[PDB]
Amino acid sequence: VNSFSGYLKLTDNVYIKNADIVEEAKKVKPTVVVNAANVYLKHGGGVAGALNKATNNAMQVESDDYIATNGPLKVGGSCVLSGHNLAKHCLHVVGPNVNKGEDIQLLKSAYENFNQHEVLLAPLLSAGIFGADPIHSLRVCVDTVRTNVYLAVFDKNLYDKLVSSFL
Ligand SMILES: O=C1CC[C@@H](c2ccccc2)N1Nc1ncnc2[nH]cc(Br)c12
């Protein structure tokens, strides 16, 4: 038993809710919150900008040190950093950005990072301003992640549609 509440169960291991991941994190304080990152860990907008703002920019400060030491992530890759006031850890995961011209097949690789963590609070990767189809992304998530994932979808009409069309 865990502390996540109000989720629709999609499969044995995938759950979904119409909520702001930031508010879910503040309420639950999960072991792992997933950020929808870019390779530079520049948390300017979307989920990343919102999470970073909620940490009072501490996520960005930590991220800049990470990049200065290690260089950029790979598209499809991830790193584990602090969750600051929101979670124990933040798993920064880079899905492909179609608005940048990247290969959507890398979305499966991105979701594979979730399998290194028994339970996660996450957004849909590559959706929103990353330019991919959120229905697709949900399918890849369900078909790739085997650990317990709680998906927060902020856009209300998207949740509705994803709920009702999920095969
Ligand atoms: O609705 C959705 C679906 C796709 C995802 C997204 C991810 C990256 C960039 C744009 C959109 N997204 N957006 C949020 N999902 C959950 N929690 C949130 N908090 C603040 C935001 Br913006 C937000």
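Criteria and thresholds
- Residues numbered from 1 in each chain as written, not as in the entry; some residues may be left out.
- Heavy atoms only, no water.
- 1 Å grid on protein atoms, 1.4 Å probe; cavity = no way out; pocket = protein on both sides within 12 Å on 5 of 7 lines; lining within 4 Å.
- Points joined across faces, edges and corners; volume = space filled by probe spheres on them.
- Helix = DSSP H or I, 4+ residues; strand = E, 2+ residues; numbered from the N terminus.
- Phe/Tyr/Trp six-rings, centres within 6.5 Å; stacked < 30°, edge-to-face > 60°.
- Buried < 20%, exposed > 50% of the residue type's maximum accessible area, 1.4 Å probe, protein only.
- Pairing = 2+ DSSP bridges.
- Near = heavy atom within 4 Å.
- Polar contact = N/O pair within 3.5 Å; in protein donor to acceptor, adjacent residues only side chain to side chain.
- Areas by Shrake-Rupley, 256 points an atom, 1.4 Å probe, with all protein chains shown as cover.
- Sits in = over half its atoms within 2 Å of the grid points.
- Nonpolar A, V, L, I, M, F, W, Y, C, P; charged D, E, K, R; others polar.

(A) Region of interest: the layout of surface pockets. The calculated volume of the largest pocket comes to roughly 500 Å³. Sorting the residues of the lining of the largest pocket by element identifies α1 (21-28), α2 (46-54) and β7 (148-153) as the ones contributing at least two each. The element best represented in the lining of the largest pocket is α2, accounting for 4 residues.

(B) Molecular detail of the packing of aromatic side chains. All chains considered together, the criterion is met by 5 aromatic pairs. Residues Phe-4 and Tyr-7 carry aromatic rings whose centres are separated by 5.7 Å and whose planes lie at 85 degrees to one another, so their mutual orientation is edge-to-face. By relative accessible area, which is 15% here, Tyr-7 ends up buried. Judged by centre distance (4.8 Å) and plane angle (15 degrees), the ring pair of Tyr-15 and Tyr-150 falls under stacked. Of the two residues, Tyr-15 sits in strand β2 (residues 14-18) while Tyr-150 sits in strand β7, which places them 135 residues apart along the sequence. Feature note: the residues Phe-4, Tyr-7, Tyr-15 and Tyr-150 constitute an aromatic cluster, connected by ring pairs.

(C) View of the pairing of β2. Burial runs high along β2: 4 of the 5 residues are buried. Remark: 4 residues form the turn of the hairpin made by strand β1 (residues 8-9) and β2, two consecutive strands paired antiparallel.

(D) Region of interest: the site of the ligand. By nearness alone, 14 residues border the ligand, and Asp-20, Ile-21, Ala-127, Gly-128 and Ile-129 come closest of all. The side chain of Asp-20 places a nitrogen or oxygen atom 2.4 Å from a nitrogen atom of the ligand. Contacts to the ligand include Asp-155, whose backbone N or O atom sits 3.3 Å from an oxygen atom. For the ligand, the protein covers 88% of the area, taking 510 Å² as the surface of the free molecule. Of the pockets mapped on this structure, the ligand occupies the largest pocket. Counting residues per element, the shell around the ligand draws most heavily on α2, which supplies 3 residues. Of the residues in the shell around the ligand, the class split is 10 nonpolar, 2 polar and 2 charged.

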